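Written below as structure tokens is the structure these notes are about.
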Amino acid sequence: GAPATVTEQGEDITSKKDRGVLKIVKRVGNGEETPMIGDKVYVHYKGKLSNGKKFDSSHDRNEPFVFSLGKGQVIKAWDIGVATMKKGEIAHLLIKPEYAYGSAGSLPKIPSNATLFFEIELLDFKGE
Ligand SMILES: COc1ccc(CC[C@@H](OC(=O)[C@@H]2CCCCN2C(=O)[C@H](c2cc(OC)c(OC)c(OC)c2)c2ccc(Cl)s2)c2cccc(OCC(=O)O)c2)cc1OC
């Protein structure tokens with residue numbers, strides 16, 4: 001499956017290099033630039049628990065998911081992961097709970113200690 005590939009071939013983009021966020025590029029984006037902290041970012045995404053029938057696709061080619069990068073508007077894994085993406089890039093992330101919802105989780109949506117899988121398209125990014 002897609003998680004499997006990321007495990008085996010994903011690059012660990014954490015700082016602590018603890019394999020807490022593994023990334024694969026599925027489609028290469030355009031030019032070289034990627035977003036700075038405080039850039040407003042526009043993405044499509046979908047996600048699932050790795051071992052779970054929770055799935056999320058609210059922003060799956062419907063409306064863009066927008067947030068401001070590294071302001072903590074999202075889980076650490078996204079502040080980390082999306083920061084690395086070019087405009088037009090699509091990527092898979094596999095995410096240990098420590099870079100997501102941790103032992104607390106986010107009941108009932110996310111259980112305690114969840115690993116998450118996301119497929120993210122970076123549509124665009126703008127200076128705050
Ligand atoms: C900095 O730490 C956090 C920041 C934000 C939160 C809330 C969860 C936070 O969720 C996320 O960080 C991740 C990555 C971005 C996509 C949404 N995320 C999710 O995990 C997904 C999510 C989770 C949701 O509830 C947890 C959620 O509820 C509204 C949601 O709505 C669309 C989507 C998932 C649900 C089930 C999965 Cl399985 S994955 C969040 C949810 C919705 C929007 C959002 O930002 C944009 C906006 O508000 O419009 C931020 C928890 C945080 O810590 C746990």
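Residues are named by chain letter and number: chains run A, B, ... in the order of the structure tokens, numbers start at 1 in each chain, and ligands are numbered from 1 in the order shown.
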
* **All residues having an atom within 9 Å of ligand 1 (only C-alpha atoms and all ligand atoms) as a ChimeraX atom specification** => /A:45-50,52-59,65-68,70-79,99-102,104-110,114-118

* Out of range 13-123 of chain A, which residues get strand (DSSP E) from DSSP, as a PyMOL selection string? -> chain A and resi 21-27+40-49+55-56+65-68+90-95+116-123

* Asked: Between A:94, A:69, A:19, A:36, which is the closest to residue 4 in chain A once you count only C-alpha atoms?
  -> A:94

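Of the residues in range 1-125 of chain A, those that DSSP places in alpha helix (DSSP H) on the basis of the backbone are residues 2, 3, 4, 5, 6, 7, 8, 9, 76, 77, 78, 79, 80 and 81 of chain A.
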
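You can rank A:18, A:89, A:124, A:119 by their closest distance to residue 30 in chain A using only C-alpha atoms, and at the top of that list sits A:89.
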
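Among the candidate residues A:5, A:28, A:17, A:23, the one lying nearest to residue 87 in chain A is A:28, with distances computed using only C-alpha atoms.
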
* Asked: Which residue, A:81, A:63, A:38, A:3, has the smallest gap to residue 15 in chain A when you use only C-alpha atoms?
  -> A:81

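Of the residues under consideration (A:91, A:25, A:126, A:97), A:97 shows the shortest atom-to-atom contact distance to residue 112 in chain A when counting only C-alpha atoms.
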